[PDB]
Amino acid sequence: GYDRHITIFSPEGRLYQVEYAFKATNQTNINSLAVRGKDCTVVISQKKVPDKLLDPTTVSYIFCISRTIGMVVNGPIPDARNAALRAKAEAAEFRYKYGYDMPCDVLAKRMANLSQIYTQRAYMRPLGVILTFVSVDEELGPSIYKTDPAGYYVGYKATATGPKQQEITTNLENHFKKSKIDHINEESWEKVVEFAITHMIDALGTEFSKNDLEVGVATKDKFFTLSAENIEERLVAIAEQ
Amino acid sequence: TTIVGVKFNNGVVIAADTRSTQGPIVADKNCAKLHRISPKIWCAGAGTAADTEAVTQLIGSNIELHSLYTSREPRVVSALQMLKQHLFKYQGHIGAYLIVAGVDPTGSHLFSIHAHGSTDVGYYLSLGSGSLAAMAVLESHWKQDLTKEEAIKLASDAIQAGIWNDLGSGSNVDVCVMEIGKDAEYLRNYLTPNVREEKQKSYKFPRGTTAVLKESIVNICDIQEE
Amino acid sequence: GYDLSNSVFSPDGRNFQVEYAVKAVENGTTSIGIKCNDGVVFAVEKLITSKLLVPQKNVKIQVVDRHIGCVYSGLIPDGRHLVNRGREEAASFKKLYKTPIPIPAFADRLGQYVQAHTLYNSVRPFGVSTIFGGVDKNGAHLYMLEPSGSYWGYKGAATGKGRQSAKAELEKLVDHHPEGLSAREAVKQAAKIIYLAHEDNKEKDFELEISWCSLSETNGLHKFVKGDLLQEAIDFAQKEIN
Amino acid sequence: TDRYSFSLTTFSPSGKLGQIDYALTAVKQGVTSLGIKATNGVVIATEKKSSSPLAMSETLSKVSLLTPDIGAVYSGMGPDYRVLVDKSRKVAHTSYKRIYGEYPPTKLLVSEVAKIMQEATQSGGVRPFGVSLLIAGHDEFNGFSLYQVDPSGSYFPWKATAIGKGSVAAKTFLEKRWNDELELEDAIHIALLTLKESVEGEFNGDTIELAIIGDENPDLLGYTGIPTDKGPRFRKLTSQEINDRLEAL
Amino acid sequence: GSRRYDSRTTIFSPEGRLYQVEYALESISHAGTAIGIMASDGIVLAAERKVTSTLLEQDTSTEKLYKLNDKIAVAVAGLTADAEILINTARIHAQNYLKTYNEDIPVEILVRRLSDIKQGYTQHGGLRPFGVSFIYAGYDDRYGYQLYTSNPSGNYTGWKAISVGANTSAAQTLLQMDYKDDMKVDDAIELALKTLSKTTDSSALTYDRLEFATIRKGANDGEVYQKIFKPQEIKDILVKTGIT
Amino acid sequence: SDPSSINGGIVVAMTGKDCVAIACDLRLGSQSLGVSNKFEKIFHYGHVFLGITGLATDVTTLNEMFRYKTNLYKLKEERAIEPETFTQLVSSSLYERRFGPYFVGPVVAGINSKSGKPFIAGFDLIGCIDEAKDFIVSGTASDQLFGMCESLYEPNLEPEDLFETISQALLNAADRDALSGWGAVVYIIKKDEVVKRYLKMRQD
Amino acid sequence: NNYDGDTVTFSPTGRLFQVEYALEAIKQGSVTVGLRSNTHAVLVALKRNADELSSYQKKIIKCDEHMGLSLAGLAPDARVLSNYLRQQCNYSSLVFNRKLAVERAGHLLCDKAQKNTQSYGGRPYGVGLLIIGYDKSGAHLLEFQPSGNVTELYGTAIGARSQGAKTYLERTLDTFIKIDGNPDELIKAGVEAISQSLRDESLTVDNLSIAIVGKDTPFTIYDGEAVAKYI
Amino acid sequence: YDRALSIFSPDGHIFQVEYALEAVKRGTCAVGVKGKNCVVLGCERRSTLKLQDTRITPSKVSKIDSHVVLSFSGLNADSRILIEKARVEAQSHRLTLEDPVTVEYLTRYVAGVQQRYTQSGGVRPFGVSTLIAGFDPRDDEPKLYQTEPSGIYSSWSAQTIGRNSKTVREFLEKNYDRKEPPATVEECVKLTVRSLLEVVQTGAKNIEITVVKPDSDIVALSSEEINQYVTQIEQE
């Protein structure tokens, strides 16, 4: 019985092949935390620098798809680059053929459809990356949509990824209980970074360096990353609060 | 035909005439030339009649998908890009001369598009053969930022100058007003100018005044049971 | 189970076949790449398995475009096939954009290809690690590409058997120079750690081949270090392990 | 090479096609959904569930528009519905809005989508979408009609039906509650009540997604001034509206 | 492995017989009874649905009778899903012949065509055959009314009376004892129903679970008029035969 | 020459009230030569009537093409095709050959069976919906027809007033045309019965 | 059989096992010995018949007037590689006005074999070629593995009993390299190399086939009484 | 797709050919007897079940040409595929070579469909065997050929294929001779009727006869004719 070897259904109503894709994203041990601000969406993510012989600036998990849409990737780095390339290709296609930059909602759905087609081929194995897309659109405001190797996505107030991401979910949920709104109100993008880092520190019980983090910030109509000096300023401000 | 599209502060107005010609012979006294890419992106078509209708229908289908795929209003510029590319592969063998107007959440737009894939933007554009006649009136009376009533007058009069100096334009004037954050009001037959004067006699004939050879009945309901 | 192909996948989040292919690279010749301030100095052990061989005539070093050296270990045909593919890619870039292909760009293209064969069952996974880099307008770069299709930037890299001796001494090299060394200096340091990595290959004897792409020696073009200068490095390295 | 062109569907030795039995299992792991056809409308309802409590369910759609007067709702896998609804939209436009220049009949559309399923049981590198869809609609030629699309690639018309893992319970509930003549208002009250017994989440209008293909709306048509033309028969109810109907049970 | 997962189901068995073709005949015994009886004034096709429920709408259900052209309809016994693909290929082929010769397709040719498609699936591609059995009611002026069964191997057998699906053997013994070569459509309508009453799949035979259709030459001028009865017209004939 | 006006052929159609009428000439020739007087251009699928003018081979190839399509529709939906859905179909099929175009003018005339509304539409070479509810003209007597038809026609005719007007308009145009003339047939199309009536016309 | 029926699987030992089986085709096959000097390359192939009624089959294929290959393995696998080599060699003359470099033809050949070992439903070709020629860089003698790998040597052998031939060539290694300009001597030393590759197969004149290529000496295959002068 | 559905054996065989011949075995029985002025192919007809309209039921002998006939044994599905293909071949000899087909040409063609599926993958040979017979144009020499599902063909003077072909074969050893085939149309026909009445039995209802006479004469012998030969032979 090959229902674990090719992409056919079992009598449990589940595709085992597809489930195994989720069990690869916890093996590289990258955690991410993403929150929607009031003018930004901020995503902070681990950077594992294992040796002295890796150059940390070229160690990446943040790919800049479009001008305004960063993507953070949780799971193996081969599949990460293949996904990043595909996502970029389709976004440029969308600008080219429809005459405006691709929205985040629609980008999540486009990659979701190709990931589902990769779980419908039995000679193309799905990519085992969970993809988070962060943006600030001017049609949906600050947005997060998280796609997965099955082809499912949903919108998020905030999201986390990784092995210890259940721990992160708790902290964030409490934060949105108090505010009683689905985004953090704070007009400085910098202080939304500081809040994001606080929730990560609670969850993982670890303090961070500037080269243990890699930060991407989507502000209104631009996506950039913070350099390593700038990240240290944010971690200095955690103490100031 | 003449097609004007006049942009204003609160929307954009698209207007056309209803006279449809095939040669110097007038095919239709009334026929709307206003087609629907989307319910908020109305266009009208000039030049070759058959080439305008089919291409606005083809990408109308594709934009409907796009609109369902994003789950929001399509953009005017999205329609313009689909059109531009499709025309471009033929290199202008298919003569579509559309003014494409519409509202979407980033604001009002007005474009014109030509048969090769050339595109122009402005706050008033005119295309077709009566375009010249319309344009003169427009440039006197137009000021930046018109109201809805103002713009409707301006558009309708511009087609009217189309009627006395262009023969591709004639009969009734249609307007469709698209405003931002409201439904589009297709004010069909906004102005009727030239209605037919009453005939001297009624041409009525009693029975058998033309010749018949033989008749018969032929029933076309359905194959009939016994 | 769970190695019969590469569209099998395990509940361990591993692909087994691909991990197995890294063991082919472990059976290869020792090869190193030192990222320098102004370039990269590659060196590769070429075994003398017989005095029948012809020295410095069997290259494991194939140049791509003009400024990217590529040297590898593992299955020699598979890596030459990998580099043939990437020479076509280099040409296409030069065609379209009328400029030599950058090092990050060349890496991305190779990575997609090796990544593709670990998804298809119609095409067999790679069994090569390649160490490649060079000098373009964005600096010196050094990249190591796994058969799984992973790469990173490196301040030092190695692959092959004798990477055990090589890798350690690159930790001391960064610790010598936490702001790197000269291209000149790296000639004698690339030679030195092939001679220390000849202690995982001390069954046989070997021939040193050295090549470089650096701004300050060759002008950011990949050339072979030959003649008296190749022999000067061999004399240096030879003394260290004695 | 790539010699996958052999079907991954095969007959079983006691009859019946093994692959679609497996897909039918996938329908009973999915959410619950139902449709009640009234004589002056249709109501369709489903339950919303999320992967995180930090996931928004105001951006989550499981009821989708195929054409303005025709809606769809699924039970089964999310991914499998997501591509297939796009293909349902696509074939309505390529084959009846580029040929017959209008939105297809409900009967017609349902047949075309079963062809798409049928070639996902034929040939290698495909396997059937493991969902059943309810396609509620109104056309001007067969009236209201309510359909159930199978992962077999078969369809049946119904008067009231359910799908999902709580389908058997739901249709037995509906057995007593259906009458020859129904009001749309009563139909809504039955729909939410039936789905109360099959939903283990909240029963607020936030988490219960409600949509009617009831009477048409010409103020959502997007233009006005052709009386002749009619607007969307579909109307999705937002969360507050669904709460008003919960108090009206 | 692009041959490690192939099982080979387009091969013969040591008997000379295809595995998948043999299995298909089983899965068609699942679907309910379907009957064709050839009178002389027409052909009666009568099929009892293989599903019923009371919240199921059976007044618009088409799950057995489908028109391929205005003189040729089929009854389906097997999967609805499998049959559908062939039904639309049939429509194209019948109309293609009308388009080019300006003459309606004889019954022989169409039956042969669908059979070739079924054989084609076992001949190549590694494809499974669609497990369908059709009972063809057809008219042509060259053999008059023609009755046929085709099986999922792609072979056709002429008949005077025949049944496929559930209780195929029982149905057949009833036809053999009661058939005349001088039967009318009226006689054949009553025979069809009484045979379905002994091969019924609930405990009662009901009009709303029956599709019933005839092709009659009673329709004037020599035309053949297919009429697919409504369940409320099938009810009328259910009182004729006194089941009800 | 132009391959549309090489064989001529003409079709007239007018609306009435609770009726439509379409009529054609029987003349079909090749160039100067008259070939047949035994060729009808009016065909019907259900309660829709199709008249087709222009190039001969395209008259007959499109006649069987529209028959191919309407059979598919009819078997599928199990109902008669409507005049409005038929227009859309005609428009799309003509546009298929945009290059190497068709050289005809199809004419759609029927009665909407869901409102009782008379309905007509016209088409020319590669497509164009000619919306009118007055008349639609085609062929090499179009000049003859548009003028004639406009003057005689009054809105809301009876089936029998409609018969006298459409017969006249055809007769005088056909005899002031060289590529028409030999004979005429007129369909008077009601909701329930269609009478087909030949006209005695002068042999031209 | 776990991975031995497949050509697309690894192989916990970091191999593909198909490559080792493709190597056993050389062991069961014929033997050929190559040796070169700076000014000459030499192939001495041992031709083989099936029985006495059978004549011997040519194991040297002329590729050009400066190039030749020899098979030691299976003949139908050799028939694929030989056509491809001949085509790319005429192509080099046609397009680039160039005598095809022996080294470079080895690298094109390497990657060709590789992509059929990569593909499922392929194999690594079970023929080892020794490829000689004289080009612009002098003489060359290459070794073609079933994998694809080319190594350049002054003396090598493949076939059964090849190990003893290479023992002979390592002994006389500096002798034959320093006779230059006399084609006669290289041939004589290759006869003695392949005499250590006999198991009483014996050298006669219709078994023995020699081919050489020189600085100024075309690629020519000697048989008959043109090999009888070197016994 | 080219994933072998025909693959070599360790006995130096092909699997699908061994299975094909057994598929020809379990099918119907064909006897072919050729005279000096006729060919006769009489074959077994399955019409055992009642309420079968034998008239509109497919025949066991199909004419391909106006003097070349073909009969079959094995799968009844596969044979009809060949019979469409042969008809194309028949019009192609006319197209490029003029003259209606020779028997020998048509024998190589059926076999060439089989041959194709024998060497290649993604296809398997039809389980079909044929008896091809007839005249070539302007010849009054009978031709009797046999094709088999391998893609092999054999000339015969008499041949039988199908079920209990050995019983029939032995009966024709003691009646028919290569040396002097029957010198009459009717004698040939009656010998084929006699052989079929052994195994097939069961009247003219299961027994069929087709006769080809030299140079463009195909005639079919109705059930009634067949019955009259049956009674006379039974008596004798």
# chains A, B, ... in the order shown; residues from 1 in each chain; ligands from 1
$ interface_residues --of "chain D" --to "chain E" --cutoff "9 Å" --atoms "only C-alpha atoms" --output "PyMOL selection string"
chain D and resi 1-17+111+114-115+118+122-124+152-161+171+174-175+178
$ residues_around --residues "residue 190 (chain A)" --least-positions-apart "2" --cutoff "12 Å" --atoms "only C-alpha atoms" --output "ChimeraX atom specification"
/A:37-43,186-188,192-197,215-219,226,230-231,233-235,237-238
$ write_last_selection --atoms "C-alpha atoms" --output "PDB file, in the first residue's frame"
ATOM      1  CA  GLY A  37       1.230  47.517  13.420  1.00  0.00           C
ATOM      2  CA  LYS A  38      -0.657  50.721  12.699  1.00  0.00           C
ATOM      3  CA  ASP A  39       1.415  51.689   9.638  1.00  0.00           C
ATOM      4  CA  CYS A  40       3.709  48.705   9.296  1.00  0.00           C
ATOM      5  CA  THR A  41       3.881  44.967   9.646  1.00  0.00           C
ATOM      6  CA  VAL A  42       6.940  43.710  11.390  1.00  0.00           C
ATOM      7  CA  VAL A  43       8.469  40.315  11.214  1.00  0.00           C
ATOM      8  CA  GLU A 186       1.460  52.429  17.722  1.00  0.00           C
ATOM      9  CA  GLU A 187       2.396  54.968  15.028  1.00  0.00           C
ATOM     10  CA  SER A 188       6.164  54.528  15.264  1.00  0.00           C
ATOM     11  CA  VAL A 192       6.175  47.873  16.996  1.00  0.00           C
ATOM     12  CA  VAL A 193       9.502  46.095  16.439  1.00  0.00           C
ATOM     13  CA  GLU A 194      10.222  46.419  20.140  1.00  0.00           C
ATOM     14  CA  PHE A 195       6.813  44.889  21.058  1.00  0.00           C
ATOM     15  CA  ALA A 196       7.364  42.040  18.589  1.00  0.00           C
ATOM     16  CA  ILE A 197      10.704  41.168  20.184  1.00  0.00           C
ATOM     17  CA  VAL A 215      14.447  41.731  10.881  1.00  0.00           C
ATOM     18  CA  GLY A 216      12.254  42.816   8.042  1.00  0.00           C
ATOM     19  CA  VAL A 217       9.866  45.731   8.242  1.00  0.00           C
ATOM     20  CA  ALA A 218       7.160  46.529   5.706  1.00  0.00           C
ATOM     21  CA  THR A 219       6.191  50.239   6.112  1.00  0.00           C
ATOM     22  CA  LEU A 226      17.271  46.350   9.167  1.00  0.00           C
ATOM     23  CA  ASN A 230      19.928  48.891  13.702  1.00  0.00           C
ATOM     24  CA  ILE A 231      18.744  45.640  15.262  1.00  0.00           C
ATOM     25  CA  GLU A 233      19.327  49.615  18.845  1.00  0.00           C
ATOM     26  CA  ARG A 234      15.980  47.830  19.080  1.00  0.00           C
ATOM     27  CA  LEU A 235      17.345  45.317  21.553  1.00  0.00           C
ATOM     28  CA  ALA A 237      15.299  49.700  23.742  1.00  0.00           C
ATOM     29  CA  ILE A 238      13.782  46.525  25.203  1.00  0.00           C
TER      30      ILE A 238
END
$ select_by_dssp --residues "region 29-185 of chain H" --states "strand (DSSP E or B)" --output "number ranges by chain"
H: 30-34, 39-44, 61-65, 68-74, 123, 128-134, 143-147, 153-155, 158-161
$ closest_atom_pairs --of "chain B" --to "chain F" --cutoff "9 Å" --atoms "only C-alpha atoms" --output "Markdown table"
| residue | atom | partner | partner_atom | distance |
| --- | --- | --- | --- | --- |
| B:20 | CA | F:130 | CA | 7.9 |
| B:22 | CA | F:124 | CA | 8.7 |
| B:25 | CA | F:143 | CA | 7.1 |
| B:26 | CA | F:146 | CA | 8.1 |
| B:27 | CA | F:130 | CA | 7.3 |
| B:28 | CA | F:132 | CA | 6.2 |
| B:29 | CA | F:132 | CA | 7.8 |
| B:30 | CA | F:132 | CA | 6.7 |
| B:31 | CA | F:131 | CA | 5.3 |
| B:32 | CA | F:131 | CA | 7.8 |
| B:48 | CA | F:128 | CA | 8.9 |
| B:49 | CA | F:128 | CA | 5.8 |
| B:50 | CA | F:128 | CA | 4.2 |
| B:51 | CA | F:127 | CA | 7.7 |
| B:52 | CA | F:128 | CA | 8.7 |
| B:53 | CA | F:128 | CA | 6.9 |
| B:54 | CA | F:95 | CA | 7.3 |
| B:93 | CA | F:99 | CA | 8.9 |
| B:94 | CA | F:98 | CA | 8.6 |
| B:199 | CA | F:151 | CA | 8.1 |
| B:202 | CA | F:152 | CA | 7.9 |
| B:203 | CA | F:152 | CA | 5.9 |
| B:204 | CA | F:161 | CA | 7.7 |
| B:205 | CA | F:164 | CA | 6.8 |
| B:206 | CA | F:164 | CA | 8.2 |
| B:207 | CA | F:164 | CA | 7.8 |
| B:208 | CA | F:164 | CA | 8.5 |
| B:209 | CA | F:164 | CA | 7.7 |
| B:210 | CA | F:168 | CA | 7.1 |
| B:211 | CA | F:200 | CA | 5.5 |
| B:212 | CA | F:199 | CA | 4.4 |
| B:213 | CA | F:200 | CA | 4.6 |
| B:214 | CA | F:198 | CA | 6.0 |
| B:215 | CA | F:197 | CA | 4.5 |
| B:216 | CA | F:196 | CA | 5.8 |
| B:217 | CA | F:195 | CA | 4.5 |
| B:218 | CA | F:195 | CA | 5.4 |
| B:219 | CA | F:193 | CA | 5.3 |
| B:220 | CA | F:194 | CA | 6.5 |
| B:221 | CA | F:192 | CA | 6.9 |
| B:222 | CA | F:46 | CA | 8.2 |
$ select_by_dssp --residues "region 1-240 of chain A" --states "alpha helix (DSSP H)" --output "JSON, numbers by chain"
{"A": [16, 17, 18, 19, 20, 77, 78, 79, 80, 81, 82, 83, 84, 85, 86, 87, 88, 89, 90, 91, 92, 93, 94, 95, 96, 97, 98, 104, 105, 106, 107, 108, 109, 110, 111, 112, 113, 114, 115, 116, 117, 118, 165, 166, 167, 168, 169, 170, 171, 172, 173, 174, 175, 176, 177, 178, 179, 189, 190, 191, 192, 193, 194, 195, 196, 197, 198, 199, 200, 201, 202, 203, 204, 228, 229, 230, 231, 232, 233, 234, 235, 236, 237, 238, 239]}
$ interface_residues --of "chain A" --to "chain B" --cutoff "10 Å" --atoms "only C-alpha atoms" --output "NGL selection string"
:A and (94-100 or 102-107 or 109-110 or 138-139)
$ closest_residue --among "F:121, F:10, F:62, F:35" --to "chain E" --atoms "only C-alpha atoms"
F:62
$ interface_residues --of "chain E" --to "chain H" --cutoff "7 Å" --atoms "only C-alpha atoms" --output "number ranges by chain"
E: 8, 10-17, 119, 123-125, 153-155, 157-161, 176
$ write_last_selection --atoms "C-alpha atoms" --output "mmCIF file, in the first residue's frame"
data_model
loop_
_atom_site.group_PDB
_atom_site.id
_atom_site.type_symbol
_atom_site.label_atom_id
_atom_site.label_comp_id
_atom_site.auth_asym_id
_atom_site.auth_seq_id
_atom_site.Cartn_x
_atom_site.Cartn_y
_atom_site.Cartn_z
ATOM 1 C CA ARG E 8 0.241 -3.095 -15.425
ATOM 2 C CA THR E 10 -3.329 -2.972 -19.757
ATOM 3 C CA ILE E 11 -1.944 -6.471 -19.794
ATOM 4 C CA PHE E 12 -3.702 -9.727 -20.345
ATOM 5 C CA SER E 13 -3.883 -12.280 -17.609
ATOM 6 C CA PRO E 14 -2.577 -15.888 -18.250
ATOM 7 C CA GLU E 15 -6.284 -16.568 -19.458
ATOM 8 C CA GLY E 16 -6.152 -13.993 -22.235
ATOM 9 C CA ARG E 17 -8.464 -11.680 -20.319
ATOM 10 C CA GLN E 119 -10.935 -0.820 -26.168
ATOM 11 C CA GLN E 123 -4.835 -0.874 -25.791
ATOM 12 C CA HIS E 124 -2.689 1.981 -24.627
ATOM 13 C CA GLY E 125 -1.868 4.734 -22.197
ATOM 14 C CA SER E 153 -14.538 -4.105 -23.151
ATOM 15 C CA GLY E 154 -15.915 -2.411 -26.203
ATOM 16 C CA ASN E 155 -18.066 -4.959 -27.900
ATOM 17 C CA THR E 157 -24.321 -7.590 -29.316
ATOM 18 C CA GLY E 158 -27.689 -7.215 -31.103
ATOM 19 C CA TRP E 159 -30.764 -8.141 -29.069
ATOM 20 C CA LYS E 160 -34.543 -8.395 -29.086
ATOM 21 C CA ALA E 161 -34.794 -7.947 -25.332
ATOM 22 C CA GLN E 176 -37.908 -14.969 -22.520
#
$ interface_residues --of "chain E" --to "chain B" --cutoff "6 Å" --atoms "only C-alpha atoms" --output "list in words"
residues 218, 219 and 220 of chain E
$ residues_around --residues "residue 15 (chain F)" --least-positions-apart "4" --cutoff "9 Å" --atoms "only C-alpha atoms" --output "list in words"
residues 19, 20, 21, 22, 109, 118, 119, 120, 133, 134, 135, 155, 156, 157 and 162 of chain F
$ closest_atom_pairs --of "chain C" --to "chain E" --cutoff "9 Å" --atoms "only C-alpha atoms" --output "Markdown table"
| residue | atom | partner | partner_atom | distance |
| --- | --- | --- | --- | --- |
| C:4 | CA | E:1 | CA | 7.4 |
| C:5 | CA | E:1 | CA | 6.5 |
| C:121 | CA | E:1 | CA | 6.0 |
| C:122 | CA | E:2 | CA | 7.0 |
$ write_last_selection --atoms "C-alpha atoms" --output "PDB file, in the first residue's frame"
ATOM      1  CA  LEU C   4      13.148   4.327  -2.827  1.00  0.00           C
ATOM      2  CA  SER C   5      12.966   7.705  -4.392  1.00  0.00           C
ATOM      3  CA  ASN C 121      12.174  10.739  -9.881  1.00  0.00           C
ATOM      4  CA  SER C 122      13.029  11.011 -13.576  1.00  0.00           C
TER       5      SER C 122
END
$ interface_residues --of "chain C" --to "chain A" --cutoff "6 Å" --atoms "only C-alpha atoms" --output "ChimeraX atom specification"
/C:7-8,11,13,115,119-120,149-150,153-156
$ residues_around --residues "region 57-69 of chain C" --least-positions-apart "5" --cutoff "6 Å" --atoms "only C-alpha atoms" --output "list in words"
residues 87, 90, 132, 133, 134, 221 and 222 of chain C
$ write_last_selection --atoms "C-alpha atoms" --output "mmCIF file, in the first residue's frame"
data_model
loop_
_atom_site.group_PDB
_atom_site.id
_atom_site.type_symbol
_atom_site.label_atom_id
_atom_site.label_comp_id
_atom_site.auth_asym_id
_atom_site.auth_seq_id
_atom_site.Cartn_x
_atom_site.Cartn_y
_atom_site.Cartn_z
ATOM 1 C CA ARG C 87 28.381 27.702 -18.389
ATOM 2 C CA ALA C 90 26.558 32.295 -17.675
ATOM 3 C CA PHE C 132 33.095 28.355 -6.436
ATOM 4 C CA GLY C 133 33.452 32.082 -6.138
ATOM 5 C CA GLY C 134 35.198 35.069 -7.605
ATOM 6 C CA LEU C 221 39.838 37.587 -13.409
ATOM 7 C CA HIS C 222 40.222 33.814 -12.700
#
$ residues_around --residues "residue 223 (chain D)" --least-positions-apart "3" --cutoff "6 Å" --atoms "only C-alpha atoms" --output "PDB file with N, CA, C and O atoms, in the first residue's frame"
ATOM      1  N   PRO B  39     -19.050  46.140 -14.476  1.00  0.00           N
ATOM      2  CA  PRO B  39     -20.125  47.076 -14.130  1.00  0.00           C
ATOM      3  C   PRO B  39     -19.689  48.442 -13.679  1.00  0.00           C
ATOM      4  O   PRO B  39     -20.542  49.318 -13.544  1.00  0.00           O
ATOM      5  N   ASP B 183     -22.923  53.366  -7.354  1.00  0.00           N
ATOM      6  CA  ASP B 183     -23.376  52.736  -8.580  1.00  0.00           C
ATOM      7  C   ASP B 183     -23.296  53.621  -9.822  1.00  0.00           C
ATOM      8  O   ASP B 183     -23.395  54.850  -9.740  1.00  0.00           O
ATOM      9  N   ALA B 184     -23.209  52.982 -10.983  1.00  0.00           N
ATOM     10  CA  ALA B 184     -23.097  53.656 -12.263  1.00  0.00           C
ATOM     11  C   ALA B 184     -24.470  53.814 -12.855  1.00  0.00           C
ATOM     12  O   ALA B 184     -25.226  52.842 -12.943  1.00  0.00           O
ATOM     13  N   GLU B 185     -24.771  55.019 -13.307  1.00  0.00           N
ATOM     14  CA  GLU B 185     -26.096  55.320 -13.803  1.00  0.00           C
ATOM     15  C   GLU B 185     -25.987  55.419 -15.317  1.00  0.00           C
ATOM     16  O   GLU B 185     -25.372  56.354 -15.839  1.00  0.00           O
TER      17      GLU B 185
END
$ closest_residue --among "F:175, F:158, F:64, F:77" --to "chain D" --atoms "only C-alpha atoms"
F:77
$ atom_distance --atom1 "CA of residue 9 (chain H)" --atom2 "CA of residue 122 (chain E)"
21.8 Å
$ residues_around --residues "residue 140 (chain F)" --least-positions-apart "6" --cutoff "10 Å" --atoms "only C-alpha atoms" --output "list in words"
residues 4, 5, 6, 7, 8, 9, 10, 11, 53, 54, 173, 174, 177, 178, 179 and 180 of chain F
$ residues_around --residues "residue 64 (chain G)" --least-positions-apart "3" --cutoff "8 Å" --atoms "only C-alpha atoms" --output "PyMOL selection string"
chain G and resi 67-68+86+89+219
$ write_last_selection --atoms "C-alpha atoms" --output "short mmCIF file (atom, residue, chain, number, x, y, z; two decimals), in the first residue's frame"
data_model
loop_
_atom_site.label_atom_id
_atom_site.label_comp_id
_atom_site.auth_asym_id
_atom_site.auth_seq_id
_atom_site.Cartn_x
_atom_site.Cartn_y
_atom_site.Cartn_z
CA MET G 67 42.13 10.25 -33.75
CA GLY G 68 41.23 6.73 -32.83
CA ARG G 86 32.94 10.98 -34.91
CA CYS G 89 35.06 15.55 -34.56
CA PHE G 219 46.24 7.63 -37.47
#
$ interface_residues --of "chain F" --to "chain D" --cutoff "6 Å" --atoms "only C-alpha atoms" --output "list in words"
residues 85, 88, 89 and 92 of chain F
$ closest_atom_pairs --of "chain C" --to "chain G" --cutoff "6 Å" --atoms "only C-alpha atoms" --output "CSV"
residue,atom,partner,partner_atom,distance
C:17,CA,G:10,CA,5.3
C:20,CA,G:12,CA,5.3
C:21,CA,G:14,CA,5.7
C:23,CA,G:14,CA,4.9
C:24,CA,G:14,CA,4.2
C:52,CA,G:153,CA,4.8
C:53,CA,G:153,CA,4.0
C:54,CA,G:153,CA,5.1
C:77,CA,G:149,CA,5.7
C:81,CA,G:111,CA,5.2
C:122,CA,G:120,CA,5.5
C:123,CA,G:119,CA,5.0
C:124,CA,G:118,CA,4.7
$ write_last_selection --atoms "C-alpha atoms" --output "short mmCIF file (atom, residue, chain, number, x, y, z; two decimals), in the first residue's frame"
data_model
loop_
_atom_site.label_atom_id
_atom_site.label_comp_id
_atom_site.auth_asym_id
_atom_site.auth_seq_id
_atom_site.Cartn_x
_atom_site.Cartn_y
_atom_site.Cartn_z
CA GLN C 17 18.92 9.42 -0.65
CA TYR C 20 23.36 9.38 1.17
CA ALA C 21 24.67 11.43 -1.75
CA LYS C 23 28.63 10.46 1.43
CA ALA C 24 29.81 10.35 -2.21
CA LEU C 52 51.35 6.71 -15.26
CA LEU C 53 49.38 9.97 -14.80
CA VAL C 54 50.34 13.24 -16.49
CA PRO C 77 31.65 13.47 -13.99
CA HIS C 81 28.04 18.09 -15.89
CA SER C 122 13.03 11.01 -13.58
CA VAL C 123 16.22 12.75 -12.89
CA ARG C 124 18.79 11.38 -10.23
#
